[PDB]
Structure formats: structure tokens, C-alpha cells
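Reviewing the structure listed below.
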Amino acid sequence: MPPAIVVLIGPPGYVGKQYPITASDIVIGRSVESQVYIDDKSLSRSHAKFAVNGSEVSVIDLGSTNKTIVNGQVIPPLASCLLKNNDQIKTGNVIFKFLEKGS
Numbered sequence: 032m033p034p035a036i037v038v039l040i041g042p043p044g045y046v047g048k049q050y051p052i053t054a055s056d057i058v059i060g061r062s063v064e065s066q067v068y069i070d071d072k073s074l075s076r077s078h079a080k081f082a083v084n085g086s087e088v089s090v091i092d093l094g095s096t097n098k099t100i101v102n103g104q105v106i107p108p109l110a111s112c113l114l115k116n117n118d119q120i121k122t123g124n125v126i127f128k129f130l131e132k133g134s
């Protein structure tokens, strides 16, 4: 399977949902235009996005109100983080787990 993110912590409609990360330009946000749409008021309308190049998947912060945090480190606006298996990504009151192979 391609890589994915899983909702570890979130609202009841969303906890445990998995989203495949197959290509660049996938956006996490509360705007309905987002590919990873979560209805949580603490998530920015456009919060973060992914870049994919072969086996490398990175997350990019888009100037979010409540920040993008990977394993306890803040990713400042327009900066990025190369992900690895089991990393946690906190976006407001939502926390995702990154899986190098999705279930």
C-alpha cells in the first residue's frame, strides 16, 4: 500500500479514519476544497500540505493559527519536515500518525 496518515486524536466522526498520501499537493484543512477535510474549529481552513518524491513524503505548514508540530517540534510557516514511519503530526486539537504503508 502507499503511505497514509491515520487520525489518532480527533472528533468522533473522524477518529481512526485513514487518508492515503499518494502525490504532492494534498492539503489538510477545514475548507471543503481540502483533500484531507476535518470539521474541527481549531484546524485552519488551509492548515498544512504534502510534497511527495518517490519514497520521500514531507509536510509543509501553511501559516496555520495553531501550528503544525511533528514529534514535539514546531514547523514554522512555509518550512517543512521529512516524515518517517510512526511520526505524529499535531494540527490544532487533531493528531495524525504517519504510516510508511497504510492498512
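Take the sequence shown: its position 3, counting from 1, is numbered 34 in the authors' numbering, and each next residue is one higher.
Backbone N, C-alpha and C define an ideal beta-carbon position, used for all residues, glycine too.
At the C-beta level, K121 and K98 come within 9 angstroms of one another. Using a 10 angstroms sphere on the CB of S86, the tally of other CB atoms stays under 16, which defines it as exposed. If the five residues before and after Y50 are omitted, its C-beta is found closer than 7 angstroms to the C-beta atoms of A35, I36 and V67, all from its own chain and listed in chain order.
In this structure, the straight-line span from the alpha carbon of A110 to that of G44 is close to 30 angstroms. In the three-state DSSP reduction, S89 falls in the strand class (E or B). Taken through DSSP and simplified to helix, strand or coil, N117 comes out as coil.
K80 is bridged by DSSP to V58 and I91. Between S62 and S77, the gap from beta carbon to beta carbon is short of 9 angstroms. Under the DSSP assignment, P51 falls in the beta strand (DSSP E) whose first and last residues are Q49 to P51.
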